[PDB]
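J.:
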Amino acid sequence: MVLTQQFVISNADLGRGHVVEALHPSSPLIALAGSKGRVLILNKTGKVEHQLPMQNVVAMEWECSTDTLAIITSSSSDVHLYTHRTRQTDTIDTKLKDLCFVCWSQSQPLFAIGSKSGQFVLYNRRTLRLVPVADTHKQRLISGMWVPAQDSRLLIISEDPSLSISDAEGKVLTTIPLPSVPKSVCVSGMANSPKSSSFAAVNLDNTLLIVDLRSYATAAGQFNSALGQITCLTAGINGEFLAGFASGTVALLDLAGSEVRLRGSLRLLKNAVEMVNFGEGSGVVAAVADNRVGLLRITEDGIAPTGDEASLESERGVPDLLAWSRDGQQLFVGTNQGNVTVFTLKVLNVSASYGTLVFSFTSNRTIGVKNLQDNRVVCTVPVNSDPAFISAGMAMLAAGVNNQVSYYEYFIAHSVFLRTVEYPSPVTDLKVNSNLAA
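Okay, structure coming up:
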């Protein structure tokens with residue numbers, strides 16, 4: 302790849318302390334917070350429009366629907382809705398101080414307010430209705446994220462092991478005891494499922510549990526003792542789950558009913574992968590361990606070595622937080638001491654078309670051929686560089702930079718490199734069919 306250094310932002314401009322992330326799915330704006338009582342606001346041009354006095358940052362999140370920003374204080378039960386666009390202030394009283402977390406949902410204006418004492422209330426603003434349901438939580442809430450699907454049901458983990466499922470009115474149907482305390486869980490719903498199939502994943506440390514929310518059927522699955530515990534678990538796109546392991550072998554699982562199958566195990570890395578992060582915008586699983594970052598590519602045959610590793614300087618520190626935005630245009634490295642590193646991933650906005658096929662860059666070096674009828678990628682082609690332009694055709698795809706062009710025969714699902722030519726002048730316009738090229 303090609304690497305450039307733009308700027309170095311010192312922690313002295315931010316201050317020591319933890320930084321709460323807020324991953325905007327679409328807008329490439331990242332919030333930089335400080336522990337010294339000031340927040341640094343920077344746009345793409347590097348201009349600070351305003352400085353705002355606000356201390357005791359707890360948890361921030363975006364809102365894709367209304368673009369409304371909140372402000373929470375650690376000493377007051379009031380929450381202040383601050384909008385930079387409209388400059389209007391509204392105070393909502395939670396009647397309890399030391400709030401745990403406040404989250405916003407991009408689906409509807411339905412935001413959940415929790416408390417460390419376990420008391421939660423529903424504030425229907427449109428109907429001005431208060432729905433209090435007590436004894437639902439007993440201790441401090443930790444974390445919780447809304448599901449980007451039709452099912453707008455939020456699960457929050459706590460230190461006491463218990464499972465509670467309720468409807469929108471908060472009626473407690475039953476309480477399920479757990480063998481061990483859960484650590485982390487991400488739930489993905491299926492909006493386009495015609496029969497609305499839903500399953501729940503429970504991390505019981507030594508055992509992964511699958512719960513059917515429809516039939517209430519549980520199946521016991523035992524893994525080998527040499528496989529080790531599940532270090533981390535995350536959910537991908539369309540039922541894909543990535544589970545970490547202590548043996549250094551990374552594998553992809555598929556829900557085959559009540560039984561699981563092993564396609565193959567290989568010790569790609571001797572050390573165990575600390576964190577496994579799935580990107581919805583590029584399909585790239587990056588392994589960050591100590592001062593090393595490794596990338597992964599999806600192919601039909603299997604797992605092959607990348608052959609490239611990046612050496613990270615230990616003066617800044619060990620990256621202990623990896624995150625990927627939904628659009629997949631920027632690369633992030635976050636630490637709990639305030640050091641945030643941002644890198645630019647310049648995707649090429651050059652596409653081609655041919656009948657029912659759209660040629661678009663699905664990765665940095667891979668062009669996917671989406672089918673308009675099927676609404677899905679049906680083939681891919683690896684390109685050895687980043688072309689200035691691409692030209693479609695039938696059983697042909699050309700990728701050009703400056704005054705040279707490389708060809709790729711393809712069929713629909715294998716793509717074959719053909720040749721590369723260079724021309725005495727820059728290639729202004731290029732068209733191609735299966736046999737000739739203009």
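Position in the sequence shown (first residue = 1) + 301 = this note's numbering. Every residue, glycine too, gets a C-beta built ideally from N, C-alpha and C.
#1: Name the one or two DSSP bridge partners that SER654 has.
#2: If you compare alpha carbons, which of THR535, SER418, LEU569 and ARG386 is closest to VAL551?
#3: Spell out a yes or no on whether the stretch 445 to 459 and the stretch 485 to 493 are touching, meaning 3 or more CB-CB pairs, one atom from each, closer than 8 Å.
#4: Whole angstroms is fine: what's the gap from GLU575's alpha carbon to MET361's?
#5: Leaving out the 5 sequence neighbours to the left and right, which residues in its chain are closer than 6 Å to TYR709 when beta-carbon positions are compared?
#6: What are the boundary residues of the beta strand (DSSP E) that includes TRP405?
#7: Under the three-state reduction of DSSP, which class applies to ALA611: helix, strand or coil?
#8: Taking DSSP's pairing of strands, which residues face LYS472 in a bridge?
#9: When you compare only the Cα positions, how much space is there between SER497 and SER548?
#10: For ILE668, list the residues DSSP reports as bridge partners.
#11: For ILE457 versus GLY415, is the C-beta spacing smaller than 8 Å?
#12: Report, in whole angstroms, the separation of the C-beta atoms of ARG562 and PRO326, which I expect to be a contact under 8 Å.
#13: Taking the alpha-carbon of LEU514 as reference, which of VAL303, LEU474 and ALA696 has the nearest alpha-carbon?
#14: So, at 6 Å on beta carbons, what are the nonlocal neighbours of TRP363 in its own chain, with the 5 sequence-adjacent residues on each side left out?
#15: Around the C-beta of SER485, are 16 or more other C-beta atoms found within 10 angstroms, so that it is buried, or is it exposed?
#16: Under DSSP, the beta strand (DSSP E) around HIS325 begins and ends at which residues?
#17: Going by C-alpha to C-alpha distance, which of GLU470, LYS345, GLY338 and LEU353 sits closest to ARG430?
#18: Could you pull the DSSP bridge partners for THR535 from this structure?
#19: Classify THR663: buried if its beta carbon has 16 or more other beta carbons within 10 angstroms, exposed otherwise.
#20: For the structure I just gave you, are there three or more beta carbon pairs, one from the stretch 345 to 360 and one from the stretch 385 to 403, closer than 8 Å?
#21: Looking at the secondary structure, which residues open and close the beta strand (DSSP E) in which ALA699 lies?
#22: Nearest to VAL659 by alpha carbon, out of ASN672, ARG666, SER735 and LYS647?
#23: Based on Cα-Cα distance, which residue from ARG564, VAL349, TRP625 and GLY565 lies nearest to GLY584?
#24: Are the Cβ atoms of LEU341 and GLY335 separated by less than 8 Å?
#25: Would you give the residue range spanned by the beta strand (DSSP E) that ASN425 belongs to?
#26: So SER707 packs on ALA714, CB below 8 Å; how close in whole Å?
#27: Please tell me whether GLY540 and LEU556 are closer than 8 Å, where the distance is taken between their beta carbons.
#28: Under DSSP, the beta strand (DSSP E) around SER463 begins and ends at which residues?
#29: Between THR645 and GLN630, what straight-line distance do the alpha-carbon atoms span, to the nearest angstrom?
#30: Looking at C-alpha atoms only, which residue of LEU623, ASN592, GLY603 and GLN638 is the closest neighbour of residue 740?
#31: Mind the definition here: the stretch 649 to 657 touches the stretch 685 to 696 only if three or more C-beta pairs lie below 8 Å; say whether that holds.
#32: Does DSSP classify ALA739 as helix, strand or coil?
#33: Among residues of its own chain, excluding the 5 on either side of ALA611, which ones have a beta-carbon nearer than 6 Å to its beta-carbon?
#34: With DSSP as the reference, label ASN312 as helix, strand or coil.
#35: How many angstroms separate the CA atom of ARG564 from the CA atom of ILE599?
#36: With a threshold of 16 other CB atoms inside 10 Å of the CB of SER406, please say whether the residue is buried or exposed.
T.: So, to answer that:
#1: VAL659
#2: If we check each option's Cα against that of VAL551, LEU569 comes out closest.
#3: Under the Cβ criterion (8 Å, minimum of three pairs), the stretch 445 to 459 counts as touching the stretch 485 to 493.
#4: Their backbone Cα atoms lie some 25 Å apart in a straight line.
#5: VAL682, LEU698, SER716 and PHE718
#6: Run containing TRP405: none; DSSP gives neither H nor E here.
#7: strand
#8: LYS472 is not bridged to any residue.
#9: 36 Å
#10: According to DSSP, which records beta bridges pairwise, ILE668 is partnered with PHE662 and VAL682.
#11: yes
#12: 34 Å between Cβ atoms; not a contact.
#13: Here the closest residue by C-alpha is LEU474.
#14: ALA323 and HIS325
#15: The residue in question, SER485, is exposed, as its Cβ has fewer than 16 Cβ neighbours within 10 Å.
#16: It is not in any beta strand (DSSP E) - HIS325 carries neither H nor E in the DSSP assignment.
#17: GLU470
#18: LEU543
#19: buried
#20: yes
#21: Per DSSP, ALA699 is one residue of the beta strand (DSSP E) stretching across 698 to 702.
#22: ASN672
#23: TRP625
#24: yes
#25: Segment 421 to 425, the beta strand (DSSP E) holding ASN425.
#26: At roughly 20 Å, the Cβ-Cβ gap does not stay under 8 Å, so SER707 and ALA714 are not in contact.
#27: yes
#28: 463 to 467
#29: 7 Å
#30: Examination of residue 740 is not possible in this model, given that the chain is present from 302 through 739 alone.
#31: yes
#32: coil
#33: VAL594
#34: helix
#35: 15 Å
#36: buried
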